[PDB]
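Here is the structure we will look at, set down as structure tokens.
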Amino acid sequence: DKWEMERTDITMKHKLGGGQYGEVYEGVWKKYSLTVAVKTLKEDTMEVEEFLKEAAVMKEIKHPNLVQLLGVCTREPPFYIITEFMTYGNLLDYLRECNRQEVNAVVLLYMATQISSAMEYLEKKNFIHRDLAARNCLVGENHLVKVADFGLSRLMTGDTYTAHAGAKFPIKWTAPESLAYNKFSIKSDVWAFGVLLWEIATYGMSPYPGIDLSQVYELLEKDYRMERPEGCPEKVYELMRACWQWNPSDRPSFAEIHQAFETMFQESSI
Ligand SMILES: COc1cc(Nc2c(C#N)cnc3cc(OCCCN4CCN(C)CC4)c(OC)cc23)c(Cl)cc1Cl
């Protein structure tokens, strides 16, 4: 298959975390002397189908702000997904721990711009991401941000993907139509992206603070939305609000979102 490699080609270095879809390691791809991230699957389990689903999809994708697949090991346990190493880890912990004088307003714009660029790409390729949130974005040197892409679905025929009944979603990031009917689309991602913008603007606060999960849907029904975070530019909140339109069709495209952030980033850098 050519994405296939010898498991003996990697040496494991440190556990970084995991559970999960599988546990995650810092590793070294020996013949390139290259630090890499390795997702692992101990034995066969029920979650093996999950695994190669990710693997398959990640091969179909290439973008500067999408985590680059390097190789896979899928002939027998253990199982390896191998990606580039995102040095600073996830964006949520990053925002929370950063030096805000360094990671300032111009930088937050840069990060929104980078993410929206990735999502514009997925929009065109007819992909949806099932879990857009700060925790699923990764950070490298110099405020480089990439969206993690193990949880992607290709739209094979049409507009909306339907998740299996009984599926649990991260309530606070999830579009109304997704919570209600289990339907995901690129416009559901646009909604989630709105939440992501709020996380970025607040340096990683939890969305709908103190609000009871079980009541979020009802609130959204009655046009309750999160308020403008402190220091968030009015235009940025306007976009947030556009992302959170009740009708999917009323929400902007990622092409529009990216264009808008590109413009704001150019002006901020001037
Ligand atoms: C390869 O397979 C997969 C791997 C992943 N997950 C990761 C990808 C990817 N992709 C890339 N890069 C990662 C870097 C990580 O931490 C590196 C440094 C952390 N530190 C925090 C403390 N300080 C300050 C030093 C830095 C990390 O930690 C858990 C997970 C990463 C996913 Cl989500 C899915 C699949 Cl399929």
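What to note about this one:
- When region 91-109 is filtered for residues that are within 10 Å of the ligand (Cβ to nearest atom) and either touching a strand residue (DSSP E or B) at 6+ places or on another chain (Cβ under 6 Å) or small (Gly, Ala, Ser) (or both), only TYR94 remains.
- Leading residue by the ranking (farthest from the ligand (Cβ to nearest atom)) among those in region 130-165 that are among the hydroxyl-bearing types (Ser, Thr, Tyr) and part of a strand (DSSP E or B): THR162
- Tally of residues being near the ligand (Cβ under 10 Å from one of its atoms) and either touching a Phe, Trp or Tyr at 6+ places or on another chain (Cβ under 7 Å) or without any contact (Cβ under 8 Å) to a residue 12 or more places away in the chain (or both) across region 44-65: 3
- One residue stands out in region 166-186 among those that are part of a loop (DSSP other than H, G, I, E, B) and in contact (Cβ under 8 Å) with a residue 40 or more places away in the chain: the one that is surrounded by the fewest Cβ atoms within 10 Å (Cβ to Cβ), namely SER185.
- The single condition among (1) over 30 Å from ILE270 (Cβ atoms); (2) outside the structural domain of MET5 (by CATH) that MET111 does not meet is (1).
- Condition met for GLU76 (of a type in the set (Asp, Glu) and within 16 Å of the ligand (Cβ to nearest atom)): no
- For region 215-222, the criterion of being surrounded by 20 or more Cβ atoms within 10 Å (Cβ to Cβ) and either touching a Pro at 6+ places or on another chain (Cβ under 6 Å) or of a type in the set (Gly, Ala, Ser) (or both) is met by no residue.
- In region 3-100, counting only strands (runs of 3 or more DSSP E) that sit wholly within it, the ones holding 3 or more residues that are surrounded by 14 or more Cβ atoms within 10 Å (Cβ to Cβ) and among the aliphatic types (A, V, I, L, M) span 34-41, 69-73.
- When region 192-210 is filtered for residues that are under 14 Å from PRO170 (Cβ atoms) and either assigned to a loop (DSSP other than H, G, I, E, B) or not assigned by CATH to the domain that holds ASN90 (or both), the ones remaining, listed by number, are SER206, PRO207, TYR208.
- Condition check for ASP189: crowded, with 20+ Cβ neighbours inside 10 Å and either assigned to a loop (DSSP other than H, G, I, E, B) or in contact with a helix residue (DSSP H, G or I) (Cβ under 7 Å, 6 or more places away or on another chain) (or both): yes
When we count neighbours, we look across all protein chains shown, and the Cβ atoms used for this are built from the backbone with ideal geometry, even at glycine. What is reported rests on the model, the rules as stated and the sources as named; no laboratory instrument gave them.
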